[PDB]
């Protein structure tokens, strides 16, 4: 199931939490004997259930919306992938972020899903001491890593996951230029 859901993460640039929330909603819109993770990811939700979606309530052309997001020309339904895109457009519970996705993968050296002290050390090391061309000392690197955890490691597990990473660089507009965190 982890590998299966992970595929969608690479396809949409959403966090695992976002995909999980969406998957639960998707399943609840399918037929009872369809909830099976691997089974559900192959099912399609009929427009009936999409039209009554809360985030589409105030939208005119709901019928049009369904047809545009639907990938299968034959059927009048949405696949899980189509559903993710719908939520990315109409719901605050799904916000694609291609920059966070790749930046995270770059610093997650062992590709294990989180940024630990070691991964974070390279991240903060992209910054400078004080002058325009400086390099951090051990203690400065330590403090910077400590500050990131203290401020963004909200599930207090000692690492930074994609969701938390998005918060770490949420105030760094030019982050991708040289991977510098603001402050």
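Residue numbers count along the first chain shown, from 1.
### Task
On mean C-alpha B-factor from the PDB entry, just flag whether 22-30 or 116-124 is the higher one.
Stretch with the higher mean C-alpha B-factor: 22-30.
### Task
Could you check the entry and say whether 145-153 or 37-45 has the higher mean CA B-factor?
Mean C-alpha B-factor is greater for 37-45.
### Query
Lowest, middle or highest third: where is residue 72 by C-alpha B factor in its chain?
Highest third, going by the recorded CA B-factors of the chain.
### Query
How does residue 167 rank on Cα B-factor within its chain, lowest, middle or highest third?
It belongs to the middle third of the chain when residues are ordered by C-alpha B-factor.
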